[PDB]
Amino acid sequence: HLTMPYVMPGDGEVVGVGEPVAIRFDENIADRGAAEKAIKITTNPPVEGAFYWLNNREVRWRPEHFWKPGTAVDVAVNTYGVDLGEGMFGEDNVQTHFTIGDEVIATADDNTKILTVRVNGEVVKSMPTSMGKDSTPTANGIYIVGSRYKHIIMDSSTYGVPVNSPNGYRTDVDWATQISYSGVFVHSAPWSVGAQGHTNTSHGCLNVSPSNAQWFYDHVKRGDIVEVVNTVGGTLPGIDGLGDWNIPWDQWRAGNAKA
């Protein structure tokens, strides 16, 4: 009747200013408040933060604004012997210490069709891009950078969409940096270099040149921020998995332990 927790990011990691603390449980948490009270997060310099649940098995913690570069964060998930509701007990404790790296913010502006990467406020890269076509647009909002892949087969069936359906797809891509659980990547797109900076052609992904995609893979890390603006889409859902910052601070801080 035992549940075991997992803490992200990993111990010793350096992450971007958008990286939330994540605690996942292998079982549904009946008493969310019990899990929240068991997790102690220390920051230096100190900054206020709050817990918000993305789903019955994962809780996130983050400040009101992006992390200050250089901040050191310690997370102690002290869940051993904690009753998480309905006789579910935590099986052990876990811990992680990490640090915030430089401020890396990449803005994909659909009005300019340009993805500009700024490091500590300084424009370091400007890449023409091609985003989701009008009928499958890229949602506006703040995306947290996730995993990266040197080569992967982007397959719509991974997300329940048959490849031969209207919005299906199956294509090998290089230098893919994930920014949404829903399947939005920044990746190399040699087939759309002509359209990059002019016309949106994708199912949602941010198409860039092969060299620009390799640069993005090499220089952007998990926790860095990508902000999409001025597209014809809506806003990235706050509970996507990488869209935490699209929940306003009042709602996030209020939390949802009683939901």
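Position 1 is the first residue in the sequence shown; the rest follow in order. Rigid core here is just the name for the largest C-alpha set that superposes within 1.5 Å across the two forms.
Item to check | Core-aligned Cα RMS comparison in 7 other deposited structures of this protein - stretch that moves more, 81-89 or 173-181 | outcome: Between 173-181 and 81-89, greater C-alpha deviation in 7 other deposited structures of this protein belongs to 81-89.
Item to check | Given 161-169 and 123-131, the range whose Cα B-factors average higher in the PDB entry | outcome: Looking at the record's C-alpha B-factors, the answer is 161-169.
Item to check | Given 22-30 and 220-228, the range whose Cα B-factors average higher in the PDB entry | outcome: On average, C-alpha B-factors are higher across 22-30.
Item to check | Top residue by Cα temperature factor, when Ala76, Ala176, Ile179, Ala106 are compared in the entry | outcome: Of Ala76, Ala176, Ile179, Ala106, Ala76 has the highest C-alpha B-factor.
Item to check | Selection by C-alpha B-factor (highest) of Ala38, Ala195, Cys205, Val59 | outcome: Reading the PDB entry, the winner on C-alpha B-factor is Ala38.
Item to check | Cα B factor band for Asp244 (lowest, middle or highest third within the chain) | outcome: Its C-alpha B-factor belongs to the lowest third of this chain's values.
Checklist entry - Thinking about Cα B factors across the chain, which third does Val94 belong to? => result Highest third - that is where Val94 ends up once the chain's C-alpha B-factors are sorted.
Item to check | Chain third (lowest, middle, highest) by recorded CA B-factor, residue given as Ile100 | outcome: Ranked within chain, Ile100 CA B lands in the middle tercile.
Checklist entry - Which third, lowest, middle or highest, does the CA B-factor of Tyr80 fall in along this chain? => result Its C-alpha B-factor, which the entry lists for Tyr80, ranks in the highest third among residues of this chain.
Checklist entry - Compared with the other modelled residues in the chain, in which third is the CA B-factor of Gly183? => result Ranked within chain, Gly183 CA B lands in the middle tercile.
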